[PDB]
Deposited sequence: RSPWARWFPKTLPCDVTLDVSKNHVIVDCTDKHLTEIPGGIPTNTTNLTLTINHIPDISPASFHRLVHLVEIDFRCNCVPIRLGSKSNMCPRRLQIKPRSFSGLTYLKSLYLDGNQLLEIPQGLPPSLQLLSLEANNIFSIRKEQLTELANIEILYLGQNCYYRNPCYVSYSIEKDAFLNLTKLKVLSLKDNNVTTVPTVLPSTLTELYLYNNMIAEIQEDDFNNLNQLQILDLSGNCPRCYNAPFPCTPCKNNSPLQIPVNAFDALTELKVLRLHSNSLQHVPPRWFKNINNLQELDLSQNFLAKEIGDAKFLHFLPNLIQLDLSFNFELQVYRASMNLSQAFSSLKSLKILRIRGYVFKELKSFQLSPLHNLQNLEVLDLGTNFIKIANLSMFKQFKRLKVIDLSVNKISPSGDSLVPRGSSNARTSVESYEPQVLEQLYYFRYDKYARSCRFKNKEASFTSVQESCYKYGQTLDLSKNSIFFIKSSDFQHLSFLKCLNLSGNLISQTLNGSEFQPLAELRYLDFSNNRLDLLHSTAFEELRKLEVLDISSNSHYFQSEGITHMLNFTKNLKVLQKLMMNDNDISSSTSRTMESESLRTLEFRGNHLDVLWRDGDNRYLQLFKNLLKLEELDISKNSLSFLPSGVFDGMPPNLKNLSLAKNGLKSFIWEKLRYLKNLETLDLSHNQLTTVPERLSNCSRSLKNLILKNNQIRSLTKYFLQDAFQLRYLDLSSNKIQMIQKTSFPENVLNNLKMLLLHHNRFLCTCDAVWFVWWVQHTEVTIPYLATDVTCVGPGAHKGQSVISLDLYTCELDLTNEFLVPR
């Protein structure tokens, strides 16, 4: 509630339905908590700052607070944060509290009984006692990880007294990652659901370690006795490279377990007895181990019928280069398997019969096989994997056939990189491979491919319309980081159903001058929608115009359009005129010092998104914008403009997203925003503007403005801008960083003063 604040430098978000008020003071360099904080707020953000300590009077009048965040307030900085006694007892409605990165020595006392979450990561608490945990009898989620490890050493092994967590009957999630823990803290409460003991120094597991945990769902034991070969981070292998000793009858009481992580445990064998009782396991991680021989046997896979995810990445043997992948026949028992990763299983040749166990997996979607240094791989063997969604053929050497400060979620699963080409259907990610030329015979029996990534292959070829013949249903093609010779206009002609084409980073042949550059090759593409050819350094073009009846988006950044539009050369003025359906243009970083007269007349009639960022436009004309009757998102950021148009209404009748970020403008015209009621977005940040007059900023136009930025510039706070001073502190226009970034240059003592906090009584 309370809607209107007075001088708070933190953003306020109101949710009437949720009855939640959010205050975000992230990255504000506040030495002390600012005054005037509303009593109706629910979430308080007090992240990285210069707060010396915490006082009971800080939250004296705040009784509705339900979330306090104090993450990374002192990253190892002055002395450690000190908390006065009874500093949290007054928050009866408190439910969540974060104290990560505060260099605390012991667990704070006096916490309210209503607390449900407590985070104490990146601290110096290496001792756990029941006396300090007595007050936390109603806690549900506990985060005590990253207290003693290589980044934040403490030189003392973690000590937990007997039955420390036993009386925490409400505990559900416990994390002890990177805490130098040697022994699992028995006895954990029976209500635990997620346990995170990974990246510790645990060497053995007892048979009664998880005897009472029946509701556990997620168990993590990574980093115990890890595989330290070629590790880019400090680690200590266990002795004799011994594996993490886990008894056969260890996961017996676990019946609701769903996620089990054993990554980087130096395991050599996986007994089937482990998975005898856990019949509902969904995700299993076994990466960074020594299970190369176990993959050939994989006898334990017969006890996982409901498995969804299986990770076996980077299990290669030392000084061993396998001739082929030895997949066990027990892989056919993974009926519900969806994602499979066999990376780091480096081998020479991949054959069709080696993937036979995966032929009957109906629910399999993703097959990851990248980073395996595969030399010989017949692509026609994938004709049986039509139901697969993503097939990974990454940096391995396949060649053509011959003749705590952020992330409040804390413990979260690894989110897979959702590439832009996955949404189009079947994907064959052949990026960074050893393919140096394209044959139509190689891609035979692959008409089902809706996607094909070939970035980084460094292919030097002159396509004439026959290489991608079998790819009849291809919709997305990636050809970045290659050497494409556009000597013919018939390239990609046989890709009838292609929609998006990426030929970026092909600067090699485009840099050479005097050779033909057929830029009209998009005419044959009937259903092409997006074309990305940026960072190509295109300086000449044999074709006068580019023709396309369906292209809508075109990226032409990082090229040389100045030479194409050189003074006295009108050949390429109407280069984009024939693109009738084009709606977005991205001609940026083209070293365009100036725009010759006539280019705007040659722009497509349906242009709607024009960008000229980072170009260096010394003088950009504005009366020529009348030609563009559909322009809405003109962008001139990071340019060297110096003059605003006399009347924006006379320039464009539809511009609504004008941007002039990081420009050099010292003053605005007296009628800059006169009768411009169609404008919605305006940006003038990072400029050299001095003052704004009333006649240039009418309130009628400013009322409908969604967002306006005037931060990080050189406004002068003198008596000549009383109207501006009154308006900035009495309007509802959303101006970000109003009290943090925009300051006053002068005069004299007014250096660094906040405009919204200015009250010139003498004026």
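- Several segments of the deposited sequence are absent from the coordinates, namely 1-4, 81-89, 417-451, 812-823.
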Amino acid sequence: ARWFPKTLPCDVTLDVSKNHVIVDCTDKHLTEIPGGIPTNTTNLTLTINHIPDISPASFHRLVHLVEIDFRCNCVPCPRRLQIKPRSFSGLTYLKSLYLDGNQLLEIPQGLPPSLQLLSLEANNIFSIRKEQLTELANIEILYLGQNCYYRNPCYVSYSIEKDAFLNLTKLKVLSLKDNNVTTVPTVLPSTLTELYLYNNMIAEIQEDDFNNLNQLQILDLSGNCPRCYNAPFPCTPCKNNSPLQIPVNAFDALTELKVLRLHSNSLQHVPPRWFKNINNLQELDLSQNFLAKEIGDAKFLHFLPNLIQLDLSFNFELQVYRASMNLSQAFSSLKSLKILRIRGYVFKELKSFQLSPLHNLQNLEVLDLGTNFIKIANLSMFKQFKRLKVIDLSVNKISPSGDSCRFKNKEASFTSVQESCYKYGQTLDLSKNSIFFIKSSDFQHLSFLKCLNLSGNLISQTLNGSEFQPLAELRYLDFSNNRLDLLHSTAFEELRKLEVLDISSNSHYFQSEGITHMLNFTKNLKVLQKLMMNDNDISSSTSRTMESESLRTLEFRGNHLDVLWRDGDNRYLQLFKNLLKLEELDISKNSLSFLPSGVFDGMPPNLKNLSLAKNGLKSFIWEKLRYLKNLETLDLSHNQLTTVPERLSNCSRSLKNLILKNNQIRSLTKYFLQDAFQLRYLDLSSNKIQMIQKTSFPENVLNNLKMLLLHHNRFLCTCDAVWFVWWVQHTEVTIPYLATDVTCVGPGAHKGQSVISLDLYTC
From here on, numbers count along this sequence of modelled residues.
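- Looking at the other PDB entries for this protein, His638 is present in the model in all of those that include the residues around it, rather than absent from a third.
- In the record comparison, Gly402 is unmodelled in at least a third of the other entries of this protein that model the residues flanking it.
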